[PDB]
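One structure is given here, and the rest of the page talks about it.
Chain naming follows the written order as A, B and C, and within any one chain the residues start at number 1.
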Amino acid sequence: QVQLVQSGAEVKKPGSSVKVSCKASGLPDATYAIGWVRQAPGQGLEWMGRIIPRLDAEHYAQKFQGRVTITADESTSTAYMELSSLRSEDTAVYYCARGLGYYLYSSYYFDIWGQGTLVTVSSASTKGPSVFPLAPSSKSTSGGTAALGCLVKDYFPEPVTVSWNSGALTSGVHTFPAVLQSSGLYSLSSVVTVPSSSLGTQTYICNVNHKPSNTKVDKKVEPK
Amino acid sequence: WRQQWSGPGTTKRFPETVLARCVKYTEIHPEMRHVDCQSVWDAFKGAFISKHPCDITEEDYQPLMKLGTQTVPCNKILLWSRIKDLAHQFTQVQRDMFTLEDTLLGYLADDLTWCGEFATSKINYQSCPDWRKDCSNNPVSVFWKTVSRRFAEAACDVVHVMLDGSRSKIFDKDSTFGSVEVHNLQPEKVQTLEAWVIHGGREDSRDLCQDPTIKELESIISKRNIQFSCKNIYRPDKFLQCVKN
Amino acid sequence: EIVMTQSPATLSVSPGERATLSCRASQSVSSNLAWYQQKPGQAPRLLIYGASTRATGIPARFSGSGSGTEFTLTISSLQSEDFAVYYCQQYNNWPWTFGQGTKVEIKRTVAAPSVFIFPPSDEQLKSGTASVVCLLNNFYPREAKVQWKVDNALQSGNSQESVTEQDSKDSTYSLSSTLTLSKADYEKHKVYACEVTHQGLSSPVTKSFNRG
């Protein structure tokens, strides 16, 4: 029933501050706890702190304390976390989650999490992707099944999300991890296998989304 | 002029503060997680609310004493007199030692003032009774007397006390330590009371263990059939860094 | 803070076998220990809390046990969908600390890759760049060789690979190699191909095309 919806990913300069939201919805009671966890490669899952919006009570981990301040708007059921003096090591996916325990103010373990927000700490400027169709042809058919996709290229930072037919097509889809190009920009592929017979009747649009640059692109992949 | 008091009023957002601390304390101390923090606030509020600020008893806090029962290591207890800050810094560094404020009930009410009016069931944020000038039996005073009694009784083996060398008479019988804590040290369990006398900023190079107030304290403790050690802490800063490593 | 140490680092089991994940706490954490499951591109999923107690809507397959400094997660009738990184978390001592993780990999039978190739987009060519994409689809194991040939001339240092995570259903992998050249360099050559070696293949497979 409960659902946490966080703000989108974004780039930040070293030394600047970031503020990630977390809109809760369908909460049973007024006394709840919103934990905060970040996930970085190397460090891993690090506990940050909690908040009890009614009590306006915060408890932080010593490592982050001083930089982290968790606030909350009790009416909109939205928790916020602000992290300042950002370093390269603060490049991570920041999660929120509902705190569980014997009491309603408890936040020991967490069952419902947010989608996560990839904050990237970099002095390099953001760059929107360039979407190119991987059109199906004679060459991309493997015995009655055609393959097609899209190529999102020259973008920074991560992430770039790709869906098909506005989420209507999921079967057969493979979205590859991005590669770091020599230029420092990222490049990603997303392909799908579909019936070779139904290339004439069916339409296939890839939906690219790059929240750091506010770049949404839809590209219809026509056959060749 | 009716219910006009001298001491400061109840701390702003006293209910929110007590709960916030109770939640935070149970998170840190896993043995006290059984405590319902709402129940603690109920037993706390019910003690002083709708009751006259100058006529509080120990039975008012009796229900709170039950909710906040705690079993700290009794051989690792640290008392103090007019050295709250440094005593806490010591226990914050060396974690196996406990002061009164490192318990739940002490943690909740430390540096907080509170009282309530007789007629109404509302908290008094305007003023509260001063111990000396107004009323001795005030919510805060009666609370601290009750918890300090239970805490002092619970102690055993070698109890410690951290005194202040600079502040005039080092030991003070009229203080909460001298009156309550010292008199509740049960000799069945308690064996020794070592006194740590803290100096100023390299002012006194003399020995403060020969101070007549310590000799009094010695005599008081000696008549309870308890040993009395006494040491000089000439460098407080190095002492804190010493216990660290 | 307490250091959670899980073992082994990675674990490779077939569907139907019993995966046994370990978790060691540097100091005793009573029974205040939770288990999580993180699938690719998702938030952690709470399996166990209080050492042994399962969460709502968690199969009886997953089974937590142990106390103090030694805990265990047991996945009885393992499935391909149980491909994930599993974490533990103490909540006896503040702050909370997690383990480094234990990645469970699924063993399946060998499967040869379907090879597809895509020429550069006409939109891209007007830009100036020209990217040729090879695609190995649904194979196992991960070890797969790709070689770009331009007029049967083995290319070197102008392409990038990317393998997918293990599939939840098939337990297979996919690869995407991408030869990137300028239009100037692209227009010089005619035949573009990519040769693919793999265990499942009896001999290398080549998809190719010409400009036309």
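Everything below uses one rule, namely that a contact is a pair of C-beta atoms (placed from the backbone, for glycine too) under 8 Å apart; a residue touches a chain by one contact, two chains touch by 3 or more.
Count the C-beta pairs in contact for every pair of chains, then give the pair with the highest total.
By number of C-beta pairs in contact, the leading chain pair is A-C.
Can you tell me which chain lies farthest from subunit B, using the average of the Cα atoms as each chain's centre?
Centre of mass proxy via C-alpha means gives C as farthest from subunit B.
I'd like to verify one number: the distance from the centre of subunit A to the centre of subunit C, where each centre is the average of its C-alpha atoms, in whole angstrom.
The answer is 18 Å.
How many angstrom lie between the centres of subunit B and subunit C, each centre taken as the mean Cα position?
About 58 Å, centre to centre.
Just curious, how far off is subunit B from subunit A if you go by their C-alpha centres, in Å?
The separation of the two C-alpha centroids amounts to 50 Å.
What are the residues of subunit C that contact at least two other chains?
In subunit C, the residues touching two or more other chains are 32, 94.
Could you say which residues in subunit B touch two or more other chains, in rising order?
Residues 27 of subunit B touch two or more partner chains.
What parts of subunit A, by residue number, touch at least two of the other chains?
Only 59, 108 qualify.
Given the complex with subunit B, which residues does subunit C contribute to the contact?
Contact set of subunit C toward subunit B: 30, 32, 92-94.
Subunit C touches which residues of subunit B in the complex?
Within the complex, subunit B touches subunit C at residues 27-28, 30.
Where on subunit B is subunit A touching in the complex?
Listed in rising order, the residues are 16, 19-20, 23-24, 27, 33, 36-37.
How about subunit C: which of its residues touch subunit A in the complex?
1, 32, 34, 43-44, 46, 49, 55-56, 87, 89, 91, 94-101, 114-119, 121, 123-124, 127, 129, 131, 133, 135, 137, 160-165, 174, 176, 178, 207-209
If you look only at subunit A, which of its residues touch subunit B in the complex?
Touching subunit B: residues 52, 55-57, 59, 102-103, 105, 107-108 of subunit A.
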